[PDB]
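> Submitted below is the structure of interest, expressed as structure tokens.
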Amino acid sequence: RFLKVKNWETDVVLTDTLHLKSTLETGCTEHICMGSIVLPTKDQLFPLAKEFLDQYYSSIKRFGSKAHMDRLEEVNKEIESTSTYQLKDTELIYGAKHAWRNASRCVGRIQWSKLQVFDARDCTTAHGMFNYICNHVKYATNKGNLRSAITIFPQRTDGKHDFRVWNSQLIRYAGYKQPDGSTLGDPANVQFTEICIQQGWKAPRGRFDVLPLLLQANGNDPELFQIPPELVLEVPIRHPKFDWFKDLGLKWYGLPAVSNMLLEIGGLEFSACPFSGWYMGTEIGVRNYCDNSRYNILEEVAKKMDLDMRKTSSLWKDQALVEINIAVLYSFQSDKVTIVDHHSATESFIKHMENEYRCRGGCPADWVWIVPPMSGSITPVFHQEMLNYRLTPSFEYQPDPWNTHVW
Amino acid sequence: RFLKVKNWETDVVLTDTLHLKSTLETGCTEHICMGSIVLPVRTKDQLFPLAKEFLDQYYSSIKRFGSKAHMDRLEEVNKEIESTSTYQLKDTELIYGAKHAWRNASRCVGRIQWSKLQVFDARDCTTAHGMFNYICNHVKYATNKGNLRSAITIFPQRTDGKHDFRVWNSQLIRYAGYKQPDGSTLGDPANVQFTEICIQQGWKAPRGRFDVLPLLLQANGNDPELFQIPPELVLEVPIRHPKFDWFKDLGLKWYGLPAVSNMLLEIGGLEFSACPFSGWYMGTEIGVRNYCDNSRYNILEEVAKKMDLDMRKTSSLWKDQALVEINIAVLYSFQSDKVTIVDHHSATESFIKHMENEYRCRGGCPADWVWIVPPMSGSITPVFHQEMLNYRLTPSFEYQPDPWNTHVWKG
Ligand code: HEM
Ligand code: HEM
Ligand SMILES: Cc1cc(N)nc(CCc2cncc(CCc3cc(C)cc(N)n3)c2)c1
Ligand SMILES: Cc1cc(N)nc(CCc2cncc(CCc3cc(C)cc(N)n3)c2)c1
Ligand SMILES: C[C@H](O)[C@H](O)[C@H]1CNc2nc(N)[nH]c(=O)c2N1
Ligand SMILES: C[C@H](O)[C@H](O)[C@H]1CNc2nc(N)[nH]c(=O)c2N1
Ligand SMILES: [Cl-]
Ligand SMILES: [Cl-]
Ligand SMILES: [Cl-]
Ligand SMILES: [Cl-]
Ligand SMILES: [Zn+2]
Ligand SMILES: [Zn+2]
Ligand SMILES: [Zn+2]
């Protein structure tokens, strides 16, 4: 009921009490751990609202106050009357900051309280959404000195008037199946690209084509918009010692902006809530560039490097991996675009985790996602026991809208 | 019920039914996942059910379920339990049991090899001197002059818990660690406490960087005794690098035989508290963990210094660069000396093949992703993108506390 986590490198032991406030299910049982699985009415709404408002009023040290009770009654009356309720601006900002605070898969949470929240609950059309998103993109990008932000569109009502950004991220590259059988561009985005084409997008059919936004307002059919090219900060990739590296023709965008998740605050559901921070280098250099099902460049790089690729035990893959990741960081740094390396990011997270244990009684964390996808054990998170559990407010997975939507 | 796992690189989806045979608990609940927590005297009543479950599994495996021999064996074991409170495994059941504990070991990436285990039955052993002899034979057999062979030696099972056989070493072969008065450590910091015990017990420590520890062996609940493994039986590999000539002057070496000696083997409810087992190394165990952990030999700085990497900022990835070179050195040195070793790409590729085979033929393969994914270059191995289900099957290997914490000293 009170739980210990140990760091096996430093022998430091921390006590988690926060997990007692956990709410949703993990997918694990006493018989089986699903720790590595990626995806494991009025009546229910009021308890959800109360749980949230209690934590809000507690955070501003006015728990059990008249303003606390009065707000609880107000929301209760509004739910009884309208079947939903509206968050105060202050509650919206608090909720969004805490959904990030509670994101157990995010290594970057030391930043959680600095989030800029853009209230877009007055948005009514896909054109309005496009405007709000361009403004987010420009604010967050900030000419390369990136600032974390979320833009929050109107909440779900009857679930047939949902706001959705159909893209997985605000900025991502198109993927295309070739007559060859190969894939051009990013294979992760093949399905989305075809939907864009079928909705009328004129595709350049290149390796790095920024996708258009496909925006859905008020449950209407989604519309296409091109983000002003000048708002999309991109970085050409070069290496500080290998001059041939630039000839691979690689680039990536500076702004990681997740746009397919659902923000739940106080039982209310924000189905369009694009949010952004800045990259950890491995996300580009390890995942985006080296996953077999992504740009899959390891072979080409190793070849240019003149490595012995006859045997796995020469560690040619591992050598090329490091060099690709060196180049990502170098390129971002030279262009003054915010980026963090995995050593720095994980050190920061351990510091954050100790803060959270000390001031909050715990910090839900998913080791499988927190440990970087390269050089795991030489980062301080590897030896850190973590407890994974679900707190609200939260960011949740949601199905792709093209399965859900009826045209 | 059917449970699905997906591979996110290939989209291949497997279905697990084996989890239905799971019994022991995980540490997890619907409210908390303890997937990254390292650690999350029986009655007759509890014992016969464990026995029956085991023997039903054994007899099914040999295509003799419900046969006269199956029923006769159940009857024989039942009667043995009622009159003696325990029972003895037949040699065939022991072999099967030990093989299955390995097959069921969810943290083991090397399980493709599970059916090839050499089982040494040491259940006739009575003294620490007897244990020493058995352990030397195991070492010599498993080493096989570098052509390593997997093996387990099984000492008498627990009776009342007052007469346990224990190997006090964590591994049969490991290097001493010495805490200096200035707070630094000589040799391996993982073994400081056990080294101190050995010394207190009368070991004359050479006090160098790579001193093979003596065996500390407890037979039949008696106080443990010290023995030195004959040095000619301890195969070691000097570490050098194929291109960097100065790497040898770091003075590094490692032993070839990884042999876990502190775990408990449970078969059919019986508890084998001394069951040392060995295979061969995956290179990253030495190159990543043993050499580069900050609380182990911690060599990353010295190596990167010698490579003249820019060490003023972590974002040059100097640590990652030195890490790869060290791991290249380990594999190169082992291969050059013809001592069995497996790289993490080969080992993980083999594991995924093993795993898919297990799903097909067995209905599943319990696996602990946290341990299976190698400690460097995680996502460029095929296990990273593989969903896994972790659950506990018996026969099994289990953690047991270090014996100096529990031992009642005779004097
Ligand atoms: C400011 C710098 C940030 C850094 C360096 C960072 C880092 C990361 C990384 C490395 C991941 C896992 C990457 C992957 O596996 O795809 C992740 C996941 C995540 N982060 Fe962050 N993050 C940052 C900001 C944010 C912000 C601003 C939010 C929300 C306001 C957020 C919420 C999340 C969520 C919900 C996940 C899991 C997403 C999923 O399941 O797909 N993070 N973060
Ligand atoms: C034959 C070659 C083998 C290879 C390459 C191999 C590989 C490994 C590795 C890399 C680990 C994780 C250990 C760590 O990182 O400290 C491990 C764990 C383990 N293996 Fe193996 N293994 C092999 C053979 C065996 C054998 C013969 C057995 C028993 C008969 C065994 C049973 C186990 C168990 C029980 C664990 C978990 C240990 C713990 O929790 O401390 N393995 N294996
Ligand atoms: C099936 C599935 C489930 C799930 N929960 N998430 C995903 C998307 C995983 C994913 C892939 N690439 C990128 C991201 C974003 C990671 C990310 C997000 C932010 C805000 C900052 C930052 N530095 N990095 C997330 C897929
Ligand atoms: C606290 C704790 C718990 C636990 N379950 N295991 C340990 C020890 C883990 C451990 C540490 N170093 C080494 C090993 C050996 C793993 C190993 C075993 C075998 C047989 C072959 C092979 N290649 N590798 C295991 C510690
Ligand atoms: C806290 C964390 O679970 C712990 O450090 C684990 C992680 N994965 C591991 N994996 C292996 N193979 N060996 C280990 O010792 C560990 N340590
Ligand atoms: C199957 C496995 O859980 C899956 O590949 C996960 C592993 N860890 C990850 N960790 C991060 N940060 N991002 C990911 O996409 C994944 N994928
Ligand atoms: Cl990845
Ligand atoms: Cl991935
Ligand atoms: Cl390690
Ligand atoms: Cl470790
Ligand atoms: Zn779990
Ligand atoms: Zn990946
Ligand atoms: Zn380690």
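Residue names in the structure tokens use chain letters A, B, ... in the order shown, residue numbers from 1 in each chain, and ligand numbers from 1 in the order shown.
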Taking only C-alpha atoms into account, which residues of chain A are within 7 Å of chain B, as an mmCIF file with N, CA and C atoms, in the first residue's frame?


data_model
loop_
_atom_site.group_PDB
_atom_site.id
_atom_site.type_symbol
_atom_site.label_atom_id
_atom_site.label_comp_id
_atom_site.auth_asym_id
_atom_site.auth_seq_id
_atom_site.Cartn_x
_atom_site.Cartn_y
_atom_site.Cartn_z
ATOM 1 N N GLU A 9 21.849 1.747 -9.026
ATOM 2 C CA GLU A 9 23.153 2.353 -9.260
ATOM 3 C C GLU A 9 23.543 3.177 -8.012
ATOM 4 N N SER A 22 -4.535 6.627 -7.603
ATOM 5 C CA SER A 22 -4.633 6.150 -8.997
ATOM 6 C C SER A 22 -6.052 5.733 -9.277
ATOM 7 N N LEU A 24 -7.732 4.912 -13.145
ATOM 8 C CA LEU A 24 -7.934 4.001 -14.281
ATOM 9 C C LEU A 24 -7.190 2.647 -14.103
ATOM 10 N N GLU A 25 -7.439 1.705 -15.020
ATOM 11 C CA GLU A 25 -6.804 0.369 -15.011
ATOM 12 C C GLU A 25 -5.486 0.328 -15.789
ATOM 13 N N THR A 26 -4.557 -0.535 -15.367
ATOM 14 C CA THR A 26 -3.247 -0.646 -16.050
ATOM 15 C C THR A 26 -3.263 -1.653 -17.190
ATOM 16 N N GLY A 27 -4.186 -2.600 -17.134
ATOM 17 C CA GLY A 27 -4.103 -3.755 -18.016
ATOM 18 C C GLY A 27 -3.399 -4.936 -17.370
ATOM 19 N N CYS A 28 -2.580 -4.700 -16.342
ATOM 20 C CA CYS A 28 -1.965 -5.832 -15.611
ATOM 21 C C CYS A 28 -2.926 -6.435 -14.599
ATOM 22 N N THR A 29 -2.737 -7.729 -14.338
ATOM 23 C CA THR A 29 -3.346 -8.403 -13.200
ATOM 24 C C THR A 29 -2.266 -9.053 -12.336
ATOM 25 N N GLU A 30 -2.691 -9.673 -11.239
ATOM 26 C CA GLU A 30 -1.782 -10.438 -10.397
ATOM 27 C C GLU A 30 -1.177 -11.632 -11.151
ATOM 28 N N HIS A 31 -1.848 -12.092 -12.204
ATOM 29 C CA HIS A 31 -1.366 -13.237 -12.982
ATOM 30 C C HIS A 31 -0.483 -12.849 -14.169
ATOM 31 N N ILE A 32 -0.647 -11.642 -14.686
ATOM 32 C CA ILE A 32 0.069 -11.278 -15.906
ATOM 33 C C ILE A 32 0.363 -9.797 -16.081
ATOM 34 N N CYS A 33 1.634 -9.493 -16.330
ATOM 35 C CA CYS A 33 2.063 -8.122 -16.540
ATOM 36 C C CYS A 33 1.993 -7.753 -18.022
ATOM 37 N N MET A 34 1.261 -6.681 -18.313
ATOM 38 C CA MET A 34 1.153 -6.180 -19.680
ATOM 39 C C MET A 34 1.958 -4.907 -19.873
ATOM 40 N N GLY A 35 2.983 -4.744 -19.032
ATOM 41 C CA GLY A 35 3.878 -3.590 -19.064
ATOM 42 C C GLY A 35 4.479 -3.218 -20.405
ATOM 43 N N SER A 36 4.629 -4.187 -21.305
ATOM 44 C CA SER A 36 5.226 -3.878 -22.608
ATOM 45 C C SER A 36 4.210 -3.786 -23.757
ATOM 46 N N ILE A 37 2.919 -3.878 -23.440
ATOM 47 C CA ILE A 37 1.879 -3.745 -24.462
ATOM 48 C C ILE A 37 1.651 -2.247 -24.700
ATOM 49 N N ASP A 291 14.521 2.823 -37.337
ATOM 50 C CA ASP A 291 13.516 1.767 -37.354
ATOM 51 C C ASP A 291 13.442 1.189 -38.770
ATOM 52 N N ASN A 292 13.383 -0.127 -38.821
ATOM 53 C CA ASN A 292 13.142 -0.828 -40.062
ATOM 54 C C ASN A 292 11.895 -0.398 -40.789
ATOM 55 N N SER A 293 10.840 -0.088 -40.053
ATOM 56 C CA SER A 293 9.608 0.342 -40.693
ATOM 57 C C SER A 293 9.538 1.878 -40.829
ATOM 58 N N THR A 312 27.326 -9.569 -37.692
ATOM 59 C CA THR A 312 26.657 -8.664 -36.771
ATOM 60 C C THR A 312 27.620 -8.253 -35.653
ATOM 61 N N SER A 313 28.578 -9.132 -35.358
ATOM 62 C CA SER A 313 29.451 -8.969 -34.196
ATOM 63 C C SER A 313 30.561 -7.919 -34.336
ATOM 64 N N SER A 314 30.719 -7.359 -35.540
ATOM 65 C CA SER A 314 31.565 -6.183 -35.755
ATOM 66 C C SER A 314 30.910 -4.922 -35.173
ATOM 67 N N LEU A 315 29.653 -5.068 -34.746
ATOM 68 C CA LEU A 315 28.802 -3.978 -34.265
ATOM 69 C C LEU A 315 28.684 -2.781 -35.226
ATOM 70 N N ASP A 318 25.748 -0.718 -34.597
ATOM 71 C CA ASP A 318 25.855 0.125 -33.401
ATOM 72 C C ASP A 318 26.716 1.338 -33.674
ATOM 73 N N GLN A 319 27.768 1.151 -34.480
ATOM 74 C CA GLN A 319 28.633 2.278 -34.830
ATOM 75 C C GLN A 319 27.900 3.300 -35.643
ATOM 76 N N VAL A 322 25.335 5.406 -33.568
ATOM 77 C CA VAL A 322 25.900 6.508 -32.789
ATOM 78 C C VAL A 322 26.164 7.719 -33.704
ATOM 79 N N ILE A 326 24.834 11.401 -33.469
ATOM 80 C CA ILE A 326 25.734 12.526 -33.315
ATOM 81 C C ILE A 326 25.339 13.648 -34.296
ATOM 82 N N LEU A 329 22.097 15.718 -33.432
ATOM 83 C CA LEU A 329 22.312 16.705 -32.371
ATOM 84 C C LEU A 329 23.139 17.867 -32.886
ATOM 85 N N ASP A 341 19.813 15.958 -25.723
ATOM 86 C CA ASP A 341 20.340 14.569 -25.862
ATOM 87 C C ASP A 341 19.801 13.653 -24.751
ATOM 88 N N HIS A 343 21.233 11.776 -22.578
ATOM 89 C CA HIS A 343 21.917 11.792 -21.280
ATOM 90 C C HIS A 343 21.351 12.937 -20.432
ATOM 91 N N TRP A 367 8.813 2.601 -17.453
ATOM 92 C CA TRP A 367 10.241 2.396 -17.689
ATOM 93 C C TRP A 367 10.497 2.045 -19.159
ATOM 94 N N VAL A 368 9.610 1.233 -19.723
ATOM 95 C CA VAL A 368 9.720 0.746 -21.086
ATOM 96 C C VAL A 368 9.799 1.905 -22.099
ATOM 97 N N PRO A 373 15.946 4.591 -26.509
ATOM 98 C CA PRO A 373 16.087 3.438 -27.366
ATOM 99 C C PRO A 373 17.527 3.142 -27.794
ATOM 100 N N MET A 374 18.504 3.871 -27.257
ATOM 101 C CA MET A 374 19.906 3.469 -27.404
ATOM 102 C C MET A 374 20.628 3.718 -26.099
ATOM 103 N N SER A 375 21.716 2.972 -25.881
ATOM 104 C CA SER A 375 22.591 3.181 -24.711
ATOM 105 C C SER A 375 21.817 3.220 -23.387
ATOM 106 N N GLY A 376 20.776 2.395 -23.270
ATOM 107 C CA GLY A 376 19.902 2.386 -22.092
ATOM 108 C C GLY A 376 20.626 2.417 -20.764
ATOM 109 N N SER A 377 21.520 1.450 -20.538
ATOM 110 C CA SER A 377 22.098 1.289 -19.206
ATOM 111 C C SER A 377 23.125 2.341 -18.831
ATOM 112 N N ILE A 378 23.602 3.121 -19.802
ATOM 113 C CA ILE A 378 24.533 4.197 -19.458
ATOM 114 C C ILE A 378 23.805 5.539 -19.174
ATOM 115 N N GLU A 385 14.092 1.911 -10.631
ATOM 116 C CA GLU A 385 12.761 1.316 -10.530
ATOM 117 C C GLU A 385 11.723 2.428 -10.652
ATOM 118 N N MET A 386 10.634 2.110 -11.337
ATOM 119 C CA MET A 386 9.556 3.067 -11.561
ATOM 120 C C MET A 386 8.256 2.332 -11.287
ATOM 121 N N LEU A 387 7.233 3.054 -10.866
ATOM 122 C CA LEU A 387 5.919 2.471 -10.685
ATOM 123 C C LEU A 387 5.044 3.111 -11.721
ATOM 124 N N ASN A 388 4.317 2.299 -12.478
ATOM 125 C CA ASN A 388 3.412 2.830 -13.473
ATOM 126 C C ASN A 388 1.969 2.702 -13.019
ATOM 127 N N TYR A 389 1.279 3.828 -13.060
ATOM 128 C CA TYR A 389 -0.141 3.906 -12.731
ATOM 129 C C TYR A 389 -0.764 5.136 -13.396
#

> Quick one: residues within 6 Å of residue 105 of chain A, only C-alpha atoms, excluding same-chain residues fewer than 6 positions away - as a ChimeraX atom specification?

/A:366,369-370

> Name the residues in contact with residue 17 of chain B at a cut-off of 7 Å, using only C-alpha atoms, excluding same-chain residues fewer than 6 positions from it; report them as a VMD selection string.

chain B and resid 1 to 3 363 to 364

> Create the file for the chosen residues now, containing N, CA and C atoms and written as a CSV table (one decimal), in the first residue's frame.


chain,number,residue,atom,x,y,z
B,1,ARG,N,-9.5,-17.9,-22.5
B,1,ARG,CA,-9.2,-16.5,-23.0
B,1,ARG,C,-7.9,-16.5,-23.8
B,2,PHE,N,-7.9,-15.6,-24.9
B,2,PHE,CA,-6.8,-15.5,-25.7
B,2,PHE,C,-6.2,-14.1,-25.5
B,3,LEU,N,-4.9,-14.0,-25.4
B,3,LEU,CA,-4.3,-12.7,-25.3
B,3,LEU,C,-3.4,-12.4,-26.6
B,363,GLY,N,1.7,-22.4,-27.2
B,363,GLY,CA,0.7,-21.5,-26.8
B,363,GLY,C,1.2,-20.2,-26.1
B,364,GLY,N,2.5,-20.1,-26.0
B,364,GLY,CA,3.1,-18.8,-25.4
B,364,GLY,C,4.5,-18.9,-25.0

> To one decimal place, how far is atom CA of residue 41 of chain B from atom CA of residue 266 of chain B in Å?

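For atom CA of residue 41 of chain B relative to atom CA of residue 266 of chain B, the distance reads 12.8 Å.
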
> Can you write out as a tab-separated table which residues of chain A fall within 8 Å of ligand 7, alongside each residue's closest atom pair and its distance in Å to one decimal, counting only C-alpha atoms and all ligand atoms and ordering rows by chain and ascending residue number?


residue	atom	partner	partner_atom_place_in_ligand_line	distance
A:283	CA	ligand 7	1 (Cl)	7.1
A:286	CA	ligand 7	1 (Cl)	6.0
A:287	CA	ligand 7	1 (Cl)	3.6
A:288	CA	ligand 7	1 (Cl)	7.0
A:290	CA	ligand 7	1 (Cl)	7.6
A:291	CA	ligand 7	1 (Cl)	5.8
A:373	CA	ligand 7	1 (Cl)	5.9

> Mind dumping the selected residues with N, CA, C and O atoms as a PDB file, in the first residue's frame?


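This is the output file selection00.pdb:
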ATOM      1  N   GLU A 283      14.904  10.361 -30.688  1.00  0.00           N
ATOM      2  CA  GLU A 283      13.613  10.225 -31.355  1.00  0.00           C
ATOM      3  C   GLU A 283      13.805  10.321 -32.872  1.00  0.00           C
ATOM      4  O   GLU A 283      13.223   9.542 -33.608  1.00  0.00           O
ATOM      5  N   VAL A 286      17.400   7.613 -33.752  1.00  0.00           N
ATOM      6  CA  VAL A 286      17.232   6.162 -33.517  1.00  0.00           C
ATOM      7  C   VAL A 286      15.928   5.663 -34.119  1.00  0.00           C
ATOM      8  O   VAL A 286      15.934   4.749 -34.937  1.00  0.00           O
ATOM      9  N   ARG A 287      14.814   6.268 -33.708  1.00  0.00           N
ATOM     10  CA  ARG A 287      13.494   5.813 -34.139  1.00  0.00           C
ATOM     11  C   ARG A 287      13.153   6.203 -35.582  1.00  0.00           C
ATOM     12  O   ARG A 287      12.929   5.344 -36.440  1.00  0.00           O
ATOM     13  N   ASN A 288      13.090   7.506 -35.843  1.00  0.00           N
ATOM     14  CA  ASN A 288      12.613   7.976 -37.141  1.00  0.00           C
ATOM     15  C   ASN A 288      13.520   7.560 -38.295  1.00  0.00           C
ATOM     16  O   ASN A 288      13.039   7.170 -39.376  1.00  0.00           O
ATOM     17  N   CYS A 290      16.171   5.070 -38.050  1.00  0.00           N
ATOM     18  CA  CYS A 290      16.707   3.696 -38.029  1.00  0.00           C
ATOM     19  C   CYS A 290      15.735   2.541 -37.825  1.00  0.00           C
ATOM     20  O   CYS A 290      16.102   1.371 -38.092  1.00  0.00           O
ATOM     21  N   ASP A 291      14.521   2.823 -37.337  1.00  0.00           N
ATOM     22  CA  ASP A 291      13.516   1.767 -37.354  1.00  0.00           C
ATOM     23  C   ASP A 291      13.442   1.189 -38.770  1.00  0.00           C
ATOM     24  O   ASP A 291      13.470   1.915 -39.779  1.00  0.00           O
ATOM     25  N   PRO A 373      15.946   4.591 -26.509  1.00  0.00           N
ATOM     26  CA  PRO A 373      16.087   3.438 -27.366  1.00  0.00           C
ATOM     27  C   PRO A 373      17.527   3.142 -27.794  1.00  0.00           C
ATOM     28  O   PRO A 373      17.736   2.264 -28.619  1.00  0.00           O
TER      29      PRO A 373
END

> Find the distance between atom CA of residue 384 of chain A and atom CA of residue 189 of chain B and write it in Å to one decimal.

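Interatomic distance, atom CA of residue 384 of chain A to atom CA of residue 189 of chain B: 18.5 Å.
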
> Write out as a VMD selection string the set of residues from segment 181-236 of chain A that DSSP, computed on the backbone, places in strand (DSSP E or B).

chain A and resid 183 to 185 210 213 to 216 223 to 225 234 to 236

> Could you please take those selected residues and save C-alpha atoms as a CSV table (one decimal), in the first residue's frame?


chain,number,residue,atom,x,y,z
A,183,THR,CA,8.2,3.1,-50.0
A,184,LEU,CA,9.1,6.7,-50.6
A,185,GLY,CA,9.1,9.0,-47.6
A,210,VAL,CA,5.1,18.1,-45.1
A,213,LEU,CA,-3.7,19.3,-41.9
A,214,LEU,CA,-7.0,17.4,-42.1
A,215,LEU,CA,-9.2,19.2,-39.7
A,216,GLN,CA,-12.6,18.2,-38.3
A,223,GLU,CA,-11.0,19.7,-44.4
A,224,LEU,CA,-7.5,20.1,-45.9
A,225,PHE,CA,-5.2,23.1,-45.2
A,234,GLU,CA,13.2,22.2,-40.7
A,235,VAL,CA,16.9,21.1,-40.1
A,236,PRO,CA,19.2,19.7,-42.8

> Ranking B:303, B:171, B:129, B:371 by minimum distance to residue 244 of chain B and counting only C-alpha atoms, which one comes first?

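That would be B:303, the residue with the smallest distance to residue 244 of chain B.
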
> List all protein, DNA and RNA residues that have at least one atom no more than 8 Å from any atom of ligand 2, counting only C-alpha atoms and all ligand atoms, and write them as JSON, numbers by chain.

{"B": [98, 99, 101, 102, 105, 106, 107, 108, 109, 110, 111, 113, 114, 117, 149, 150, 151, 152, 260, 263, 277, 278, 279, 280, 281, 282, 284, 285, 289, 341, 342, 347, 371, 372, 374, 396, 397, 398, 399]}

> Contacts of residue 267 of chain A at 7 Å or less, counting only C-alpha atoms, minus same-chain residues fewer than 4 places along, as a ChimeraX atom specification?

/A:45,48-49

> Using only C-alpha atoms, which of the listed residues (A:256, A:3, A:107, A:191) sits closest to residue 344 of chain A?

A:107

> According to DSSP computed on the backbone, where in segment 366-406 of chain A is there helix (DSSP H, G or I)? Give the residues as a PyMOL selection string.

chain A and resi 367-370+376-378+401-404

> Please produce an output containing N, CA and C atoms for each residue in the selection, written as a PDB file, in the first residue's frame.


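Dumped to result.pdb:
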ATOM      1  N   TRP A 367       8.813   2.601 -17.453  1.00  0.00           N
ATOM      2  CA  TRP A 367      10.241   2.396 -17.689  1.00  0.00           C
ATOM      3  C   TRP A 367      10.497   2.045 -19.159  1.00  0.00           C
ATOM      4  N   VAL A 368       9.610   1.233 -19.723  1.00  0.00           N
ATOM      5  CA  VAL A 368       9.720   0.746 -21.086  1.00  0.00           C
ATOM      6  C   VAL A 368       9.799   1.905 -22.099  1.00  0.00           C
ATOM      7  N   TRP A 369       9.089   2.996 -21.803  1.00  0.00           N
ATOM      8  CA  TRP A 369       9.116   4.188 -22.639  1.00  0.00           C
ATOM      9  C   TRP A 369      10.133   5.221 -22.191  1.00  0.00           C
ATOM     10  N   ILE A 370      10.417   5.279 -20.887  1.00  0.00           N
ATOM     11  CA  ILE A 370      11.324   6.291 -20.356  1.00  0.00           C
ATOM     12  C   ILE A 370      12.789   6.002 -20.708  1.00  0.00           C
ATOM     13  N   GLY A 376      20.776   2.395 -23.270  1.00  0.00           N
ATOM     14  CA  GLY A 376      19.902   2.386 -22.092  1.00  0.00           C
ATOM     15  C   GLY A 376      20.626   2.417 -20.764  1.00  0.00           C
ATOM     16  N   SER A 377      21.520   1.450 -20.538  1.00  0.00           N
ATOM     17  CA  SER A 377      22.098   1.289 -19.206  1.00  0.00           C
ATOM     18  C   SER A 377      23.125   2.341 -18.831  1.00  0.00           C
ATOM     19  N   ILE A 378      23.602   3.121 -19.802  1.00  0.00           N
ATOM     20  CA  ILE A 378      24.533   4.197 -19.458  1.00  0.00           C
ATOM     21  C   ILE A 378      23.805   5.539 -19.174  1.00  0.00           C
ATOM     22  N   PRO A 401      -9.641   8.681 -36.474  1.00  0.00           N
ATOM     23  CA  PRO A 401     -11.006   9.127 -36.734  1.00  0.00           C
ATOM     24  C   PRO A 401     -11.615   8.537 -38.006  1.00  0.00           C
ATOM     25  N   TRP A 402     -10.775   8.065 -38.922  1.00  0.00           N
ATOM     26  CA  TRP A 402     -11.279   7.521 -40.180  1.00  0.00           C
ATOM     27  C   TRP A 402     -11.955   6.147 -40.028  1.00  0.00           C
ATOM     28  N   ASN A 403     -11.699   5.478 -38.900  1.00  0.00           N
ATOM     29  CA  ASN A 403     -12.463   4.287 -38.501  1.00  0.00           C
ATOM     30  C   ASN A 403     -13.823   4.684 -37.894  1.00  0.00           C
ATOM     31  N   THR A 404     -13.824   5.787 -37.146  1.00  0.00           N
ATOM     32  CA  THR A 404     -14.963   6.255 -36.348  1.00  0.00           C
ATOM     33  C   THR A 404     -15.936   7.093 -37.175  1.00  0.00           C
TER      34      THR A 404
END

> Please check which protein, DNA or RNA residues sit within 7 Å of ligand 3, counting only C-alpha atoms and all ligand atoms, and write them as a CSV table (one decimal) with N, CA, C and O atoms, in the first residue's frame.


chain,number,residue,atom,x,y,z
A,38,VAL,N,1.7,-1.8,-26.0
A,38,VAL,CA,1.5,-0.4,-26.3
A,38,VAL,C,0.1,0.1,-26.0
A,38,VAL,O,0.0,1.2,-25.4
A,39,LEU,N,-0.9,-0.7,-26.4
A,39,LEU,CA,-2.3,-0.4,-26.0
A,39,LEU,C,-3.0,-1.5,-25.2
A,39,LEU,O,-3.6,-2.4,-25.7
A,256,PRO,N,8.1,18.8,-32.5
A,256,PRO,CA,7.3,17.6,-32.3
A,256,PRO,C,5.9,17.9,-31.7
A,256,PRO,O,5.9,18.5,-30.6
A,257,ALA,N,4.8,17.7,-32.3
A,257,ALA,CA,3.5,18.2,-31.9
A,257,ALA,C,2.5,17.1,-32.0
A,257,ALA,O,2.0,16.9,-33.1
A,258,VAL,N,2.2,16.4,-31.0
A,258,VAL,CA,1.3,15.3,-31.0
A,258,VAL,C,-0.1,15.8,-31.1
A,258,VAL,O,-0.5,16.6,-30.3
A,275,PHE,N,-0.5,19.2,-28.8
A,275,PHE,CA,0.5,19.7,-27.8
A,275,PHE,C,1.9,19.5,-28.4
A,275,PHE,O,2.2,18.6,-29.1
A,276,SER,N,2.9,20.3,-27.9
A,276,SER,CA,4.2,20.3,-28.5
A,276,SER,C,5.3,20.6,-27.5
A,276,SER,O,5.0,21.4,-26.5
A,277,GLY,N,6.5,20.1,-27.7
A,277,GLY,CA,7.6,20.4,-26.8
A,277,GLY,C,8.8,20.6,-27.7
A,277,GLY,O,8.8,21.4,-28.7
A,278,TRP,N,9.9,19.9,-27.4
A,278,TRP,CA,11.0,19.9,-28.4
A,278,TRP,C,11.6,18.5,-28.3
A,278,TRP,O,11.2,17.7,-27.4
A,279,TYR,N,12.5,18.1,-29.3
A,279,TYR,CA,12.9,16.7,-29.5
A,279,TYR,C,14.0,16.3,-28.5
A,279,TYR,O,14.9,17.1,-28.1
A,280,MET,N,13.9,15.0,-28.2
A,280,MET,CA,15.1,14.4,-27.6
A,280,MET,C,15.8,13.7,-28.9
A,280,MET,O,15.1,13.2,-29.7
A,397,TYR,N,-4.8,7.7,-25.5
A,397,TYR,CA,-4.9,7.2,-26.8
A,397,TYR,C,-6.3,7.3,-27.3
A,397,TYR,O,-7.2,7.2,-26.5

> From the options A:92, A:262, A:133, A:371, which residue's atoms come nearest to residue 398 of chain A, counting only C-alpha atoms?

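Using only C-alpha atoms, residue 398 of chain A sits closest to A:262.
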